[PDB]
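What follows is the content of coords_17.cif (mmCIF, C-alpha atoms).
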```
data_run
#
loop_
_atom_site.group_PDB
_atom_site.id
_atom_site.type_symbol
_atom_site.label_atom_id
_atom_site.label_comp_id
_atom_site.auth_asym_id
_atom_site.auth_seq_id
_atom_site.Cartn_x
_atom_site.Cartn_y
_atom_site.Cartn_z
ATOM 1 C CA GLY S 1 8.106 20.658 -2.234
ATOM 2 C CA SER S 2 9.119 20.915 1.404
ATOM 3 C CA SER S 3 12.113 18.909 2.558
ATOM 4 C CA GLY S 4 11.802 18.679 6.322
ATOM 5 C CA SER S 5 9.750 16.132 8.227
ATOM 6 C CA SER S 6 10.556 15.427 11.857
ATOM 7 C CA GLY S 7 7.516 14.486 13.905
ATOM 8 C CA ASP S 8 4.000 13.720 12.731
ATOM 9 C CA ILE S 9 1.255 14.809 15.099
ATOM 10 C CA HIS S 10 -1.210 12.159 13.994
ATOM 11 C CA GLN S 11 -1.892 11.718 10.296
ATOM 12 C CA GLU S 12 -3.922 8.718 9.201
ATOM 13 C CA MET S 13 -7.481 7.961 8.157
ATOM 14 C CA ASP S 14 -8.356 4.308 8.626
ATOM 15 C CA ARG S 15 -11.080 2.239 10.245
ATOM 16 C CA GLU S 16 -11.327 2.317 14.021
ATOM 17 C CA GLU S 17 -10.020 -1.234 14.133
ATOM 18 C CA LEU S 18 -8.012 -1.779 10.971
ATOM 19 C CA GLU S 19 -4.245 -1.423 10.883
ATOM 20 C CA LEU S 20 -1.685 -0.016 8.476
ATOM 21 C CA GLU S 21 1.737 -1.199 7.372
ATOM 22 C CA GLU S 22 4.467 1.027 5.988
ATOM 23 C CA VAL S 23 6.252 -0.898 3.260
ATOM 24 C CA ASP S 24 9.396 0.632 1.812
ATOM 25 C CA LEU S 25 10.666 -0.215 -1.652
ATOM 26 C CA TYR S 26 13.710 0.466 -3.794
ATOM 27 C CA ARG S 27 14.311 1.293 -7.439
ATOM 28 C CA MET S 28 17.959 0.505 -8.066
ATOM 29 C CA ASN S 29 17.030 1.177 -11.673
ATOM 30 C CA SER S 30 14.140 3.226 -13.004
ATOM 31 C CA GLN S 31 13.808 0.297 -15.378
ATOM 32 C CA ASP S 32 12.168 -1.380 -12.407
ATOM 33 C CA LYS S 33 8.409 -1.049 -12.103
ATOM 34 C CA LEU S 34 6.347 -1.293 -8.938
ATOM 35 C CA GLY S 35 4.319 -3.940 -10.731
ATOM 36 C CA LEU S 36 1.248 -3.021 -8.719
ATOM 37 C CA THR S 37 -1.900 -1.845 -10.459
ATOM 38 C CA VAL S 38 -4.581 0.227 -8.773
ATOM 39 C CA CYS S 39 -8.313 0.630 -9.265
ATOM 40 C CA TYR S 40 -11.235 2.579 -7.854
ATOM 41 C CA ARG S 41 -14.324 1.421 -6.000
ATOM 42 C CA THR S 42 -16.221 4.462 -4.784
ATOM 43 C CA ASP S 43 -19.709 3.274 -3.919
ATOM 44 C CA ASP S 44 -19.346 5.754 -1.083
ATOM 45 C CA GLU S 45 -19.983 9.479 -0.879
ATOM 46 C CA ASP S 46 -17.974 9.665 2.324
ATOM 47 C CA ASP S 47 -14.698 8.782 0.649
ATOM 48 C CA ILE S 48 -13.688 6.477 -2.179
ATOM 49 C CA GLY S 49 -10.371 4.750 -1.595
ATOM 50 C CA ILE S 50 -7.550 3.562 -3.820
ATOM 51 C CA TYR S 51 -6.982 -0.180 -3.833
ATOM 52 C CA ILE S 52 -4.633 -2.620 -5.521
ATOM 53 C CA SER S 53 -6.259 -4.185 -8.560
ATOM 54 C CA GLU S 54 -3.334 -6.330 -9.642
ATOM 55 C CA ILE S 55 0.045 -7.245 -8.204
ATOM 56 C CA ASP S 56 2.786 -8.812 -10.290
ATOM 57 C CA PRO S 57 4.635 -11.687 -8.607
ATOM 58 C CA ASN S 58 7.849 -10.490 -10.210
ATOM 59 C CA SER S 59 8.020 -6.803 -9.373
ATOM 60 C CA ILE S 60 9.795 -4.415 -7.034
ATOM 61 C CA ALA S 61 6.906 -4.851 -4.627
ATOM 62 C CA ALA S 62 6.407 -8.549 -5.258
ATOM 63 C CA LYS S 63 10.113 -8.916 -4.583
ATOM 64 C CA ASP S 64 9.896 -6.821 -1.438
ATOM 65 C CA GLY S 65 6.723 -4.769 -1.221
ATOM 66 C CA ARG S 66 4.648 -7.324 0.647
ATOM 67 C CA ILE S 67 1.764 -5.429 -0.910
ATOM 68 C CA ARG S 68 -0.767 -7.661 -2.622
ATOM 69 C CA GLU S 69 -4.020 -7.640 -4.557
ATOM 70 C CA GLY S 70 -6.790 -6.024 -2.546
ATOM 71 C CA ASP S 71 -4.677 -3.613 -0.534
ATOM 72 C CA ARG S 72 -6.148 -0.239 0.346
ATOM 73 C CA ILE S 73 -3.517 2.431 -0.178
ATOM 74 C CA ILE S 74 -3.612 5.239 2.359
ATOM 75 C CA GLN S 75 -0.458 7.205 1.646
ATOM 76 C CA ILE S 76 2.503 7.054 -0.706
ATOM 77 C CA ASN S 77 5.861 7.803 0.872
ATOM 78 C CA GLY S 78 3.834 9.659 3.475
ATOM 79 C CA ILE S 79 1.575 11.564 1.109
ATOM 80 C CA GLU S 80 -2.206 11.642 1.227
ATOM 81 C CA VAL S 81 -3.496 10.552 -2.160
ATOM 82 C CA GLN S 82 -6.889 11.738 -3.344
ATOM 83 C CA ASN S 83 -7.017 10.335 -6.857
ATOM 84 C CA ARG S 84 -6.291 7.086 -8.658
ATOM 85 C CA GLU S 85 -4.023 8.603 -11.282
ATOM 86 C CA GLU S 86 -2.008 10.296 -8.562
ATOM 87 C CA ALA S 87 -1.790 6.998 -6.719
ATOM 88 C CA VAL S 88 -0.005 5.796 -9.832
ATOM 89 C CA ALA S 89 1.606 9.056 -10.882
ATOM 90 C CA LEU S 90 3.342 9.191 -7.522
ATOM 91 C CA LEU S 91 4.490 5.625 -8.066
ATOM 92 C CA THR S 92 5.729 6.931 -11.395
ATOM 93 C CA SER S 93 7.907 9.710 -10.032
ATOM 94 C CA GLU S 94 11.344 10.122 -11.563
ATOM 95 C CA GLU S 95 12.687 11.377 -8.255
ATOM 96 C CA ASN S 96 11.357 9.215 -5.447
ATOM 97 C CA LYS S 97 13.631 6.209 -5.105
ATOM 98 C CA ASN S 98 12.371 4.701 -1.871
ATOM 99 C CA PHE S 99 8.680 4.108 -2.466
ATOM 100 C CA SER S 100 7.069 3.731 0.938
ATOM 101 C CA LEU S 101 3.450 2.919 0.182
ATOM 102 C CA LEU S 102 0.856 2.348 2.880
ATOM 103 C CA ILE S 103 -1.783 -0.358 3.075
ATOM 104 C CA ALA S 104 -4.608 -1.276 5.420
ATOM 105 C CA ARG S 105 -4.026 -4.685 6.959
ATOM 106 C CA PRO S 106 -6.297 -6.406 9.489
ATOM 107 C CA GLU S 107 -4.909 -7.581 12.808
ATOM 108 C CA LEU S 108 -5.528 -10.907 14.506
ATOM 109 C CA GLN S 109 -8.244 -11.784 12.020
ATOM 110 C CA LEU S 110 -10.498 -14.800 12.404
ATOM 111 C CA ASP S 111 -8.884 -18.202 12.800
ATOM 112 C CA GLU S 112 -9.160 -19.985 9.472
ATOM 113 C CA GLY S 113 -5.860 -21.399 8.275
ATOM 114 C CA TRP S 114 -4.905 -25.056 8.482
ATOM 115 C CA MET S 115 -2.491 -24.986 5.567
ATOM 116 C CA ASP S 116 0.676 -27.058 5.536
ATOM 117 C CA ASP S 117 3.041 -24.364 4.322
ATOM 118 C CA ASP S 118 5.571 -21.949 5.767
ATOM 119 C CA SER S 119 3.201 -19.074 6.433
ATOM 120 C CA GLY S 120 1.695 -17.419 9.487
ATOM 121 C CA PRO S 121 2.674 -13.862 10.439
ATOM 122 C CA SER S 122 2.155 -12.852 14.049
ATOM 123 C CA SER S 123 2.284 -9.602 15.985
ATOM 124 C CA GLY S 124 4.916 -8.604 18.516
#
```
Would you encode the structure as structure tokens?
Amino acid sequence: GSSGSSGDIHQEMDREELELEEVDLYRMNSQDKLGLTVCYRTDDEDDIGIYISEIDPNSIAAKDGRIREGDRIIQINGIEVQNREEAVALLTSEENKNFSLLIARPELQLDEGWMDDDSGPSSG
């Protein structure tokens, strides 16, 4: 490996409109599992893309990792994944404590809420 990262001269491959969100996690005990399954989609020769297949409500992420089901992972801790297994393998590293996974989240989004419940994230 190479321990030394101070300044990233651009490094992201997302849609020319979509947005990302760096979510950091913690594993106070290896016994803790991300609780976030991944799956493939392909259907594209340009580039597949790892996405969240399942997300446990009671998991490191669930607890913190706002991540959810249907989240397109871009990088893991700042790494560029290129395989499903890896996407998981990385999440299954007996070294990385702070798991900072990336996900593609839309901004603004159409207006279709109307739901009596504490919920409604806004930009700053």
Which is closer to residue 92 (chain S) than all the others in S:20, S:61, S:25, S:34, using all atoms listed in the file?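 Once distances to residue 92 (chain S) are computed over all atoms listed in the file, the minimum belongs to S:34.
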What are the closest atom pairs, with distances in Å to one decimal, for each residue of region 69-95 of chain S lying within 8 Å of region 104-117 of chain S, using only C-alpha atoms, rows by chain and rising residue number, as a Markdown table?
```
| residue | atom | partner | partner_atom | distance |
| --- | --- | --- | --- | --- |
| S:71 | CA | S:104 | CA | 6.4 |
| S:72 | CA | S:104 | CA | 5.4 |
| S:73 | CA | S:104 | CA | 6.8 |
| S:74 | CA | S:104 | CA | 7.3 |
```
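Once the PyMOL selection byres ((chain S and resi 76) around 9) is applied to the shown structure, the selection contains residues 73, 74, 75, 77, 78, 79, 80, 81, 87, 90, 91, 99, 100, 101 and 102 of chain S.
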Out of S:124, S:96, S:119, S:49, which residue has the shortest atom-to-atom distance to residue 13 (chain S) when counting all atoms listed in the file?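 Closest candidate: S:49.
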Write out as a PyMOL selection string which residues come within 12 Å of residue 65 (chain S) when counting all atoms listed in the file, dropping same-chain ones fewer than 3 positions away. chain S and resi 21-27+33-36+55-62+68-69+71+98-103
How far is it from CA of residue 64 (chain S) to CA of residue 39 (chain S), in Å with one decimal?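 Between CA of residue 64 (chain S) and CA of residue 39 (chain S) the gap works out to 21.2 Å.
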Between CA of residue 1 (chain S) and CA of residue 95 (chain S) - distance in Å to one decimal: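 These two atoms are separated by 12.0 Å.
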Separation of CA of residue 97 (chain S) from CA of residue 29 (chain S), in Å and rounded to one decimal: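 Straight-line distance from CA of residue 97 (chain S) to CA of residue 29 (chain S) works out to 8.9 Å.
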